[PDB]
Amino acid sequence: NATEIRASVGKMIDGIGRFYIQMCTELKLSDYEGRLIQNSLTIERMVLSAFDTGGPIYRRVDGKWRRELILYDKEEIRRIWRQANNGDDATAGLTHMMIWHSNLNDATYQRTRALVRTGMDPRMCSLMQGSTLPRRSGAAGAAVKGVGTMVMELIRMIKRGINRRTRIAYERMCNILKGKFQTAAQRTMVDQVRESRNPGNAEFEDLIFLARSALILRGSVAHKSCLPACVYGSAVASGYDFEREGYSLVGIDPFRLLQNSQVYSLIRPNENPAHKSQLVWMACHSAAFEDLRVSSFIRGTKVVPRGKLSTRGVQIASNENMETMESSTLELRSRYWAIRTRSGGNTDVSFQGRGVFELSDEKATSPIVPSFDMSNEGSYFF
Amino acid sequence: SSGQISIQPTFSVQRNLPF
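Shown numbers run from 1 along every chain as its sequence is written, which may differ from how the entry numbers residues; residues without coordinates are omitted from display. Chain letters and ligand numbers both follow the written order, the letters beginning at A and the numbers at 1. For clarity, the chains displayed are a part of a larger assembly, and the values are limited to that part. Processing note: side-chain calculations cover all non-hydrogen atoms of the structure and skip hydrogens and water entirely.

K.L.:
What am I meant to see in helix 4 (residues 74-84) of chain A here?
P.N.:
A turn of α-helix holds 3.6 residues, and therefore any two residues three or four places apart point the same way. All names here are of chain A. Only protein chains enter the accessibility calculation, which uses a 1.4 Å probe; a residue whose area is less than 20% of its type maximum is buried, one above 50% is exposed, and one in between is partly exposed. Strands are runs of DSSP state E lasting at least 2 residues, helices are runs of H or I lasting at least 4, and numbering of each runs from the N terminus. Residues of helix 4 that are buried: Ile77, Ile80, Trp81 and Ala84. Relative to the axis of helix 4, the buried residues are bounded by an arc of 105 degrees and lie together on one face. Opposite the buried face of helix 4, by more than 90 degrees, sit the exposed residues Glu75 and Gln83. Throughout, a residue-residue contact means that at least one pair of heavy atoms, one from each residue, lies within 4.5 Å. Lining the buried residues of helix 4 we find helix 1 (4-27), helix 3 (37-50) and helix 5 (91-108). A positive backbone phi angle near 60 degrees is found at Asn86, which sits one or two residues after helix 4. What the arc describes is the spread of directions from the helix axis to the C-beta atoms.

K.L.:
I would appreciate a short explanation of the side chain of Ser295(A) in the present structure.
P.N.:
All names here are of chain A. On the secondary structure map, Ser295 appears in helix 16 (residues 292-299). Residue classification places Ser295 among the buried positions, given a relative accessible area of 0%. With near-sequence residues (within four places) excluded, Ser295 lies in contact with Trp281, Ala287, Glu290 and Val303.

K.L.:
Please clarify how the interface of chain B and chain A should be interpreted in this entry.
P.N.:
Accessible area lost on assembly of the parts is the figure often given for the size of an interface. Opposite the 19 residues of chain B that make contact, chain A presents 44 residues. In total, chain B and chain A occlude about 3100 Å² of area from one another, counting both sides; carbon and sulfur atoms represent 56% of this. The salt bridge criterion pairs a side-chain nitrogen of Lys or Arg with a carboxyl oxygen of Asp or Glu, the two atoms within 4 Å. Between chain B and chain A we count one salt bridge in total. The salt bridge partner of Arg15(B) is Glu290(A), with a shortest N-O separation of 2.4 Å. Polar contact is the term for a pair of N or O atoms within 3.5 Å; when the atoms are in protein, one must be able to donate a hydrogen and the other to accept it, and sequence-neighboring residues count only if both atoms are side-chain atoms. Put simply, chain B and chain A have 20 residue pairs in polar contact between them. Buried area is calculated as the accessible area (1.4 Å probe) missing from two parts once they are joined, with the contributions of both summed.

K.L.:
Can you walk me through helix 12 (residues 229-237) of chain A in this structure?
P.N.:
Residues and elements named next belong to chain A. Of all nine residues in helix 12, eight are buried; the element is thus mostly enclosed. Those residues of helix 12 lying buried are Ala229, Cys230, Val231, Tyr232, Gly233, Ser234, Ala235 and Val236. The elements touched by buried residues of helix 12 are helix 1, helix 2 (31-34), helix 3, helix 5, helix 13 (242-245) and helix 14 (252-257). Immediately downstream of helix 12, the backbone of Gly239 shows phi near 100 degrees, a positive value.

As far as function goes, none of this settles anything; it's purely spatial.
Put into structure tokens, the structure is as follows:
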């Protein structure tokens, strides 16, 4: 059923587009200045804040880049937003940029300070997918969460308590948790945890176990290809009418869109452009914990590890100066594409028979199997 | 250490999953 699912999500994409365009028209930005992932970000956050303000806005004058610090009527923003979505709320839409931010953060940063202070092993990176993602996120917002993500929550919810309505949360938070697991025991053991009203160290210690079980017997976690507002704004402006032509977040749609995107980014004096593009690209598909081998395979070019990556973050801090600042064009194109999955595999070869698709292969017709016998460069982005 | 130990899979392909 390609009617609701493909076209209803198109309608949520149209909203973000339309809105971004309107909002650019207010700031009186240029074309080059609307394609600046920097400005796009600021706008996206202005909105999520207002639906739950001001921000950094970079301008282009003869030669150099000027940063403007601006503020907007928190309600005006909310007004312009609905205008774009037909006076609807389109929580989906806000939630979408809620993820784009997530997926960018799960790749720009490593959240160790928090894992340990919770009592999780820092080496449990690959399980913290969406730890940044506000609880306000929707139902299809939590499905993107890693097993480890859930644990850090319950453990804190439990840790402060064990140190009214709060109960329905805990059980559900576990049901979700449990719905991540895809094996008998895994599934059953989650229940044995959900049994205690005041679950103390008994649970505290047990879930941590299950956290580690997922390192081997992974769960089902959905991945959503969520592109920056500018990319959708630009697309909408170019005529693409997604609600009518359909769109996906786990199909070929997102890759294809990024095959024509003209996104620019601010880049510090000593940073490596190629390295910058890599980052953004990995946030566009939630590939921050993917096997570097495969990421590079599909990417088309080396996908260098975080340590060897030359960049500190895409957003520009108030500390820095503009004099020594310039901007590059982000390389977001990829070689092939792949069905962003949810499954963690089980039996060691996973996704037996599943392959990669050419960017011409619109339909999921002919699959391609990668052979990794090769001089690779690692598997752990972190 | 302080590094990764397993790989979270993002795509559907024939891939030995590292841990």
